[PDB]
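Note: the block below is start21.cif and it holds mmCIF, N, CA and C atoms and all ligand atoms.
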```
data_protein
#
loop_
_atom_site.label_atom_id
_atom_site.label_comp_id
_atom_site.auth_asym_id
_atom_site.auth_seq_id
_atom_site.Cartn_x
_atom_site.Cartn_y
_atom_site.Cartn_z
N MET A 1 0.85 -1.17 0.00
CA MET A 1 0.00 0.00 0.00
C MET A 1 0.90 1.24 0.00
N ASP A 2 1.88 1.15 -0.93
CA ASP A 2 2.98 2.11 -1.02
C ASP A 2 2.48 3.53 -1.26
N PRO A 3 3.15 4.69 -1.34
CA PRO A 3 2.48 5.99 -1.52
C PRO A 3 1.61 6.00 -2.81
N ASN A 4 2.16 5.30 -3.83
CA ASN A 4 1.58 5.27 -5.15
C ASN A 4 0.50 4.25 -5.45
N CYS A 5 0.24 3.22 -4.67
CA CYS A 5 -0.89 2.29 -4.80
C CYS A 5 -1.43 2.12 -3.36
N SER A 6 -2.72 2.26 -3.10
CA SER A 6 -3.26 1.95 -1.78
C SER A 6 -3.87 0.55 -1.65
N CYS A 7 -3.72 -0.33 -2.64
CA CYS A 7 -4.38 -1.61 -2.63
C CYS A 7 -3.72 -2.67 -1.74
N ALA A 8 -4.47 -3.75 -1.58
CA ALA A 8 -3.95 -4.90 -0.88
C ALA A 8 -2.92 -5.48 -1.83
N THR A 9 -1.85 -5.99 -1.25
CA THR A 9 -0.67 -6.43 -1.98
C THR A 9 -0.58 -7.94 -1.97
N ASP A 10 -1.70 -8.63 -1.96
CA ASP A 10 -1.72 -10.08 -1.85
C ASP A 10 -2.18 -10.72 -3.16
N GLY A 11 -2.34 -9.93 -4.22
CA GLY A 11 -2.80 -10.42 -5.51
C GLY A 11 -4.32 -10.38 -5.68
N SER A 12 -5.12 -10.30 -4.61
CA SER A 12 -6.55 -10.41 -4.68
C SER A 12 -7.36 -9.22 -5.19
N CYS A 13 -6.78 -8.01 -5.26
CA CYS A 13 -7.57 -6.85 -5.59
C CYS A 13 -8.13 -6.83 -6.99
N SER A 14 -9.40 -6.41 -7.09
CA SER A 14 -10.11 -6.31 -8.33
C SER A 14 -10.45 -4.86 -8.59
N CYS A 15 -9.60 -3.89 -8.19
CA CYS A 15 -9.92 -2.50 -8.49
C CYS A 15 -10.18 -2.23 -9.97
N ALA A 16 -9.53 -2.90 -10.93
CA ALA A 16 -9.70 -2.71 -12.35
C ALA A 16 -10.02 -1.30 -12.78
N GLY A 17 -9.07 -0.42 -12.50
CA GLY A 17 -9.18 0.95 -12.96
C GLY A 17 -10.13 1.85 -12.20
N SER A 18 -10.73 1.43 -11.08
CA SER A 18 -11.57 2.34 -10.34
C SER A 18 -10.89 2.94 -9.13
N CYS A 19 -9.59 2.74 -9.01
CA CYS A 19 -8.80 3.23 -7.91
C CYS A 19 -8.32 4.64 -8.21
N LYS A 20 -7.70 5.21 -7.22
CA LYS A 20 -7.22 6.53 -7.34
C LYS A 20 -5.70 6.42 -7.37
N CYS A 21 -5.12 5.24 -7.48
CA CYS A 21 -3.68 5.11 -7.53
C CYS A 21 -3.02 5.77 -8.75
N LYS A 22 -1.85 6.31 -8.39
CA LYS A 22 -0.88 7.02 -9.24
C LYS A 22 -0.14 5.95 -10.04
N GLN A 23 0.29 4.86 -9.38
CA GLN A 23 1.00 3.79 -10.05
C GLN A 23 0.60 2.47 -9.35
N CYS A 24 -0.63 2.07 -9.68
CA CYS A 24 -1.26 0.87 -9.16
C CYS A 24 -0.49 -0.41 -9.45
N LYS A 25 -0.31 -1.21 -8.41
CA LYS A 25 0.42 -2.42 -8.57
C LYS A 25 -0.47 -3.62 -8.86
N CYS A 26 -1.83 -3.53 -8.93
CA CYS A 26 -2.74 -4.64 -9.27
C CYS A 26 -2.81 -5.09 -10.73
N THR A 27 -2.73 -6.40 -10.94
CA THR A 27 -2.70 -6.94 -12.29
C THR A 27 -4.08 -6.79 -12.98
N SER A 28 -5.13 -6.45 -12.22
CA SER A 28 -6.46 -6.17 -12.73
C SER A 28 -6.60 -4.77 -13.32
N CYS A 29 -5.59 -3.92 -13.13
CA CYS A 29 -5.73 -2.54 -13.44
C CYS A 29 -4.81 -2.04 -14.55
N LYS A 30 -5.53 -1.48 -15.53
CA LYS A 30 -4.97 -0.98 -16.77
C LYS A 30 -5.34 0.50 -16.95
N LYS A 31 -4.98 1.43 -16.06
CA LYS A 31 -5.30 2.83 -16.25
C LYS A 31 -4.20 3.45 -17.08
N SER A 32 -4.53 4.54 -17.78
CA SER A 32 -3.56 5.23 -18.64
C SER A 32 -2.41 5.92 -17.90
N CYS A 33 -1.31 6.20 -18.59
CA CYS A 33 -0.22 6.92 -17.98
C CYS A 33 -0.62 8.41 -17.89
N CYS A 34 -1.73 8.88 -18.49
CA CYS A 34 -2.02 10.30 -18.39
C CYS A 34 -3.49 10.48 -18.57
N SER A 35 -3.87 11.66 -18.21
CA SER A 35 -5.26 12.03 -18.29
C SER A 35 -5.66 12.46 -19.66
N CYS A 36 -4.72 12.81 -20.54
CA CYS A 36 -5.06 13.24 -21.88
C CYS A 36 -5.08 12.15 -22.91
N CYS A 37 -4.63 10.94 -22.59
CA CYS A 37 -4.63 9.89 -23.57
C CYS A 37 -5.38 8.65 -23.05
N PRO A 38 -6.04 7.84 -23.89
CA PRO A 38 -6.43 6.49 -23.52
C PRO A 38 -5.23 5.65 -23.21
N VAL A 39 -5.46 4.60 -22.43
CA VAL A 39 -4.42 3.62 -22.10
C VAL A 39 -3.81 3.02 -23.38
N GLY A 40 -4.52 2.86 -24.51
CA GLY A 40 -3.94 2.32 -25.72
C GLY A 40 -3.05 3.27 -26.54
N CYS A 41 -2.87 4.57 -26.26
CA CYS A 41 -2.14 5.52 -27.10
C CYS A 41 -0.80 5.04 -27.67
N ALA A 42 -0.59 5.04 -29.00
CA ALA A 42 0.64 4.54 -29.57
C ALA A 42 1.91 5.30 -29.19
N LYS A 43 1.86 6.62 -29.25
CA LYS A 43 3.04 7.41 -28.94
C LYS A 43 3.50 7.26 -27.51
N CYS A 44 2.59 7.03 -26.54
CA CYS A 44 2.96 6.81 -25.16
C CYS A 44 3.29 5.35 -24.80
N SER A 45 3.19 4.31 -25.61
CA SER A 45 3.52 2.97 -25.19
C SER A 45 4.95 2.68 -24.74
N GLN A 46 5.99 3.40 -25.12
CA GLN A 46 7.30 3.04 -24.63
C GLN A 46 7.60 3.89 -23.43
N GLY A 47 6.72 4.85 -23.14
CA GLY A 47 6.91 5.72 -22.04
C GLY A 47 6.00 6.91 -22.29
N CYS A 48 5.32 7.46 -21.29
CA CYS A 48 4.52 8.63 -21.42
C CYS A 48 5.38 9.78 -21.89
N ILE A 49 4.89 10.43 -22.93
CA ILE A 49 5.53 11.66 -23.37
C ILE A 49 4.74 12.90 -22.94
N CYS A 50 3.55 12.91 -22.35
CA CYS A 50 2.84 14.14 -22.12
C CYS A 50 3.27 14.92 -20.90
N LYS A 51 2.89 16.20 -20.89
CA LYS A 51 3.09 17.06 -19.72
C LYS A 51 1.94 16.78 -18.77
N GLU A 52 2.18 16.50 -17.49
CA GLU A 52 1.11 16.18 -16.53
C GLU A 52 0.15 17.33 -16.13
N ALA A 53 -0.32 18.15 -17.07
CA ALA A 53 -1.24 19.20 -16.69
C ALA A 53 -2.58 18.54 -16.36
N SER A 54 -3.01 17.52 -17.11
CA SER A 54 -4.29 16.82 -17.09
C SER A 54 -5.00 17.27 -18.37
N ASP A 55 -6.25 17.75 -18.39
CA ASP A 55 -6.89 18.32 -19.57
C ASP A 55 -6.81 17.57 -20.90
N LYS A 56 -5.86 17.86 -21.79
CA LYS A 56 -5.95 17.39 -23.17
C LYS A 56 -4.59 17.72 -23.81
N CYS A 57 -3.99 16.93 -24.72
CA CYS A 57 -2.60 17.16 -25.08
C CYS A 57 -2.42 17.48 -26.53
N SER A 58 -1.37 18.28 -26.76
CA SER A 58 -0.92 18.63 -28.09
C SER A 58 0.05 17.59 -28.67
N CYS A 59 0.79 16.76 -27.91
CA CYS A 59 1.70 15.82 -28.52
C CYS A 59 1.10 14.54 -29.11
N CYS A 60 -0.13 14.14 -28.76
CA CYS A 60 -0.66 12.92 -29.32
C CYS A 60 -1.95 13.16 -30.05
N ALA A 61 -2.06 12.29 -31.09
CA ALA A 61 -3.16 12.37 -32.06
C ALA A 61 -4.38 11.69 -31.46
N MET B 1 13.98 13.42 -35.81
CA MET B 1 14.87 12.27 -35.78
C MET B 1 15.78 12.41 -34.56
N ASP B 2 15.08 12.71 -33.44
CA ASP B 2 15.71 13.08 -32.18
C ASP B 2 16.63 11.97 -31.65
N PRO B 3 17.43 11.92 -30.58
CA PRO B 3 18.29 10.78 -30.27
C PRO B 3 17.46 9.47 -30.13
N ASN B 4 16.25 9.67 -29.55
CA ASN B 4 15.36 8.58 -29.23
C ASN B 4 14.42 8.06 -30.30
N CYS B 5 14.17 8.70 -31.42
CA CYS B 5 13.41 8.20 -32.57
C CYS B 5 14.25 8.59 -33.81
N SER B 6 14.55 7.70 -34.74
CA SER B 6 15.21 8.10 -35.98
C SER B 6 14.26 8.31 -37.17
N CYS B 7 12.95 8.30 -36.96
CA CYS B 7 12.01 8.37 -38.06
C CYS B 7 11.79 9.76 -38.64
N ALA B 8 11.10 9.75 -39.77
CA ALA B 8 10.70 10.99 -40.40
C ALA B 8 9.61 11.53 -39.48
N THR B 9 9.60 12.83 -39.35
CA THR B 9 8.77 13.54 -38.39
C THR B 9 7.64 14.26 -39.10
N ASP B 10 7.15 13.73 -40.19
CA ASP B 10 6.14 14.39 -41.01
C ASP B 10 4.80 13.66 -40.91
N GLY B 11 4.69 12.67 -40.04
CA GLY B 11 3.48 11.88 -39.88
C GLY B 11 3.42 10.64 -40.78
N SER B 12 4.21 10.55 -41.85
CA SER B 12 4.11 9.49 -42.82
C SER B 12 4.67 8.12 -42.47
N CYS B 13 5.52 7.99 -41.44
CA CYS B 13 6.19 6.73 -41.20
C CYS B 13 5.27 5.60 -40.79
N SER B 14 5.55 4.42 -41.37
CA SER B 14 4.82 3.22 -41.11
C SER B 14 5.74 2.21 -40.45
N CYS B 15 6.70 2.63 -39.62
CA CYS B 15 7.56 1.64 -38.96
C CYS B 15 6.78 0.58 -38.18
N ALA B 16 5.62 0.87 -37.56
CA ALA B 16 4.83 -0.06 -36.80
C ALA B 16 5.61 -1.12 -36.06
N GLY B 17 6.44 -0.65 -35.13
CA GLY B 17 7.15 -1.55 -34.26
C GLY B 17 8.35 -2.27 -34.85
N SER B 18 8.79 -1.97 -36.09
CA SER B 18 9.97 -2.62 -36.59
C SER B 18 11.21 -1.75 -36.50
N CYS B 19 11.12 -0.63 -35.80
CA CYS B 19 12.20 0.31 -35.64
C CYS B 19 13.04 -0.10 -34.44
N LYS B 20 14.12 0.63 -34.29
CA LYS B 20 15.02 0.36 -33.23
C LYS B 20 14.88 1.51 -32.26
N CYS B 21 13.92 2.41 -32.41
CA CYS B 21 13.77 3.52 -31.49
C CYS B 21 13.43 3.11 -30.05
N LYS B 22 14.05 3.93 -29.19
CA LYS B 22 14.00 3.92 -27.73
C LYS B 22 12.66 4.53 -27.33
N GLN B 23 12.27 5.65 -27.96
CA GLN B 23 11.01 6.31 -27.67
C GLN B 23 10.50 6.93 -28.98
N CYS B 24 10.00 6.01 -29.83
CA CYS B 24 9.47 6.33 -31.13
C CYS B 24 8.30 7.30 -31.11
N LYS B 25 8.39 8.31 -31.97
CA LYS B 25 7.36 9.29 -32.01
C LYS B 25 6.29 8.99 -33.05
N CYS B 26 6.34 7.91 -33.86
CA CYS B 26 5.30 7.53 -34.84
C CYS B 26 3.99 6.93 -34.32
N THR B 27 2.87 7.45 -34.81
CA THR B 27 1.57 7.02 -34.32
C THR B 27 1.26 5.58 -34.78
N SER B 28 2.03 5.03 -35.72
CA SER B 28 1.93 3.66 -36.19
C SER B 28 2.58 2.66 -35.24
N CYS B 29 3.33 3.14 -34.25
CA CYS B 29 4.16 2.28 -33.48
C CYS B 29 3.77 2.20 -32.00
N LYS B 30 3.55 0.92 -31.66
CA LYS B 30 3.10 0.50 -30.35
C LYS B 30 4.09 -0.51 -29.75
N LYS B 31 5.37 -0.19 -29.52
CA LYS B 31 6.30 -1.13 -28.93
C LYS B 31 6.19 -1.00 -27.42
N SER B 32 6.55 -2.06 -26.70
CA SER B 32 6.47 -2.06 -25.24
C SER B 32 7.45 -1.14 -24.54
N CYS B 33 7.18 -0.78 -23.28
CA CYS B 33 8.11 0.03 -22.53
C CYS B 33 9.29 -0.86 -22.09
N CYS B 34 9.27 -2.20 -22.26
CA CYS B 34 10.39 -2.98 -21.79
C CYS B 34 10.44 -4.25 -22.57
N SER B 35 11.57 -4.85 -22.43
CA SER B 35 11.82 -6.09 -23.12
C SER B 35 11.23 -7.27 -22.41
N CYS B 36 10.90 -7.17 -21.13
CA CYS B 36 10.34 -8.28 -20.40
C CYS B 36 8.84 -8.34 -20.40
N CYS B 37 8.14 -7.33 -20.89
CA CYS B 37 6.70 -7.38 -20.88
C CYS B 37 6.13 -7.14 -22.28
N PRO B 38 4.98 -7.70 -22.67
CA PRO B 38 4.22 -7.23 -23.82
C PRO B 38 3.78 -5.82 -23.62
N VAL B 39 3.52 -5.13 -24.74
CA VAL B 39 2.99 -3.77 -24.72
C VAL B 39 1.68 -3.71 -23.91
N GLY B 40 0.82 -4.73 -23.85
CA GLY B 40 -0.39 -4.68 -23.07
C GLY B 40 -0.25 -4.85 -21.54
N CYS B 41 0.90 -5.13 -20.93
CA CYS B 41 1.04 -5.41 -19.49
C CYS B 41 0.28 -4.50 -18.53
N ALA B 42 -0.61 -5.01 -17.67
CA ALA B 42 -1.39 -4.16 -16.78
C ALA B 42 -0.59 -3.35 -15.76
N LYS B 43 0.36 -3.99 -15.09
CA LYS B 43 1.14 -3.29 -14.08
C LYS B 43 1.96 -2.16 -14.64
N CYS B 44 2.45 -2.25 -15.89
CA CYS B 44 3.20 -1.18 -16.52
C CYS B 44 2.34 -0.12 -17.24
N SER B 45 1.03 -0.16 -17.38
CA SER B 45 0.30 0.88 -18.07
C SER B 45 0.36 2.30 -17.52
N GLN B 46 0.62 2.57 -16.25
CA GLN B 46 0.65 3.96 -15.83
C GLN B 46 2.08 4.43 -15.87
N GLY B 47 3.00 3.50 -16.13
CA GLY B 47 4.38 3.82 -16.17
C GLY B 47 5.12 2.51 -16.03
N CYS B 48 6.21 2.27 -16.76
CA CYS B 48 7.02 1.09 -16.62
C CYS B 48 7.54 1.01 -15.21
N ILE B 49 7.35 -0.16 -14.63
CA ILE B 49 7.96 -0.43 -13.34
C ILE B 49 9.19 -1.34 -13.48
N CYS B 50 9.62 -1.94 -14.59
CA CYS B 50 10.70 -2.88 -14.57
C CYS B 50 12.08 -2.28 -14.55
N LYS B 51 13.05 -3.12 -14.16
CA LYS B 51 14.47 -2.74 -14.24
C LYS B 51 14.91 -3.00 -15.68
N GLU B 52 15.55 -2.05 -16.36
CA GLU B 52 15.97 -2.23 -17.76
C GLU B 52 17.11 -3.23 -18.03
N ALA B 53 17.11 -4.42 -17.41
CA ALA B 53 18.16 -5.37 -17.70
C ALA B 53 17.91 -5.92 -19.11
N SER B 54 16.66 -6.18 -19.50
CA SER B 54 16.18 -6.82 -20.71
C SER B 54 15.67 -8.19 -20.25
N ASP B 55 16.04 -9.35 -20.83
CA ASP B 55 15.69 -10.67 -20.32
C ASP B 55 14.26 -10.95 -19.91
N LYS B 56 13.86 -10.82 -18.64
CA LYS B 56 12.59 -11.38 -18.18
C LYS B 56 12.40 -10.83 -16.76
N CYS B 57 11.19 -10.51 -16.26
CA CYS B 57 11.09 -9.75 -15.02
C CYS B 57 10.37 -10.49 -13.94
N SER B 58 10.79 -10.16 -12.71
CA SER B 58 10.16 -10.64 -11.50
C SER B 58 8.98 -9.77 -11.06
N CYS B 59 8.84 -8.47 -11.41
CA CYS B 59 7.72 -7.70 -10.95
C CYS B 59 6.39 -7.90 -11.67
N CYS B 60 6.35 -8.46 -12.88
CA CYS B 60 5.07 -8.62 -13.55
C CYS B 60 4.79 -10.06 -13.88
N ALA B 61 3.45 -10.29 -13.82
CA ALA B 61 2.89 -11.64 -13.98
C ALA B 61 2.80 -11.95 -15.46
NA NA C 101 4.76 4.15 -29.95
NA NA C 102 -2.00 -1.10 -14.03
ZN ZN C 103 -6.06 -2.62 -6.66
ZN ZN C 104 -5.98 -0.04 -9.55
ZN ZN C 105 8.61 5.50 -37.47
ZN ZN C 106 8.62 2.99 -34.52
#
```
If you took the structure in this file and wrote it as C-alpha cells, what would it be?
Ligand code: NA
Ligand code: NA
Ligand SMILES: [Zn+2]
Ligand SMILES: [Zn+2]
Ligand SMILES: [Zn+2]
Ligand SMILES: [Zn+2]
Amino acid sequence: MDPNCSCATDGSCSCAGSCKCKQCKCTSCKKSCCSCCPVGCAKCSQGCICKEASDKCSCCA
Amino acid sequence: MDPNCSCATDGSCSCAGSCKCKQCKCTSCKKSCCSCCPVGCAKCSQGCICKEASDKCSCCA
C-alpha cells in the first residue's frame, strides 16, 4: 500500500481501474499513464511523453 | 529524428514496431516500454515499473 498504490498487496484486488492510484500495482488494473490519452495511445507505449497538466494534449493524435 | 526516434517527423512513417527507437514518435508504433513485458502489461500501463536489464522480469505476472 505504497504511496503510489493503496491496494492490498496479496494479488486479490479487483480495483480494475476504479482506484485513485498514481502507479497501481494490481494486475487487474490498466489505467492510462495520463489524463489526456487512452491507455492504448501509440506514442505513449514506450513511455509517457505528455506534460502532466491533465486536460488534453498537443503531442498525441 | 531526435536521439530517441530516428524516423521521419512528417506523420508518414509506417515503422509499426519494426524500428530500433527507444522512444518512437510515430503514431503507427506500439512497442512495449520494456523487453520483459508485452505492450499490453497491466502493471506497466501507468508507467514502466521494470528494471531495464532486458531478459525477463520478476515484478510482472
Ligand atoms: Na509508440
Ligand atoms: Na495497471
Ligand atoms: Zn487494486
Ligand atoms: Zn488499480
Ligand atoms: Zn517511425
Ligand atoms: Zn517505430
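If you measure from each of B:9, B:54, B:18, B:27 to residue 42 (chain A) using only N, CA and C atoms, the closest one turns out to be B:27.
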Can you pull out every residue within 6.5 Å of residue 29 (chain A), counting all atoms listed in the file, but drop anything in the same chain fewer than 4 positions away, and send it as an mmCIF file with N, CA and C atoms, in the frame of the given file?
```cif
data_model
loop_
_atom_site.group_PDB
_atom_site.id
_atom_site.type_symbol
_atom_site.label_atom_id
_atom_site.label_comp_id
_atom_site.auth_asym_id
_atom_site.auth_seq_id
_atom_site.Cartn_x
_atom_site.Cartn_y
_atom_site.Cartn_z
ATOM 1 N N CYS A 15 -9.600 -3.890 -8.190
ATOM 2 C CA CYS A 15 -9.920 -2.500 -8.490
ATOM 3 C C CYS A 15 -10.180 -2.230 -9.970
ATOM 4 N N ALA A 16 -9.530 -2.900 -10.930
ATOM 5 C CA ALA A 16 -9.700 -2.710 -12.350
ATOM 6 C C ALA A 16 -10.020 -1.300 -12.780
ATOM 7 N N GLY A 17 -9.070 -0.420 -12.500
ATOM 8 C CA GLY A 17 -9.180 0.950 -12.960
ATOM 9 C C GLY A 17 -10.130 1.850 -12.200
ATOM 10 N N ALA B 42 -0.610 -5.010 -17.670
ATOM 11 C CA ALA B 42 -1.390 -4.160 -16.780
ATOM 12 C C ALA B 42 -0.590 -3.350 -15.760
ATOM 13 N N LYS B 43 0.360 -3.990 -15.090
ATOM 14 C CA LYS B 43 1.140 -3.290 -14.080
ATOM 15 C C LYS B 43 1.960 -2.160 -14.640
#
```
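Neighbours of ligand ZN 104 (chain C) at a cut-off of 8 Å, computed so that all atoms listed in the file are counted, are the residues residues 5, 6, 7, 13, 14, 15, 16, 17, 18, 19, 20, 21, 22, 23, 24, 25, 26, 27, 28, 29, 30 and 31 of chain A.
Atom pair atom N of residue 55 (chain B) / atom C of residue 35 (chain B) has a distance of 5.5 Å (rounded to one decimal).
Reported to one decimal place, the separation of CA of residue 38 (chain A) from CA of residue 2 (chain A) is 24.8 Å.
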Next item on the list: Work out how far CA of residue 41 (chain A) is from CA of residue 36 (chain B), in Å to one decimal.
Entry: 19.8 Å
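If you measure from each of B:46, B:58, B:51, B:12 to chain A using all atoms listed in the file, the closest one turns out to be B:46.
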Next item on the list: Considering only N, CA and C atoms and all ligand atoms, state which residue in the set B:8, B:39, B:45, B:33 is at the smallest distance from ligand NA 102 (chain C).
Entry: B:45
Next item on the list: Go through B:50, B:4, B:57, B:37 and flag the residue nearest ligand ZN 106 (chain C), using only C-alpha atoms and all ligand atoms for the distances.
Entry: B:4
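Distance annotation: of B:10, B:61, B:3, B:52, the residue with the minimal separation from chain A is B:61; atom set is only C-alpha atoms.
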Margin query: Considering only N, CA and C atoms and all ligand atoms, can you say which of B:53, B:11, B:47, B:32 comes closest to ligand NA 102 (chain C)?
Written below: B:47
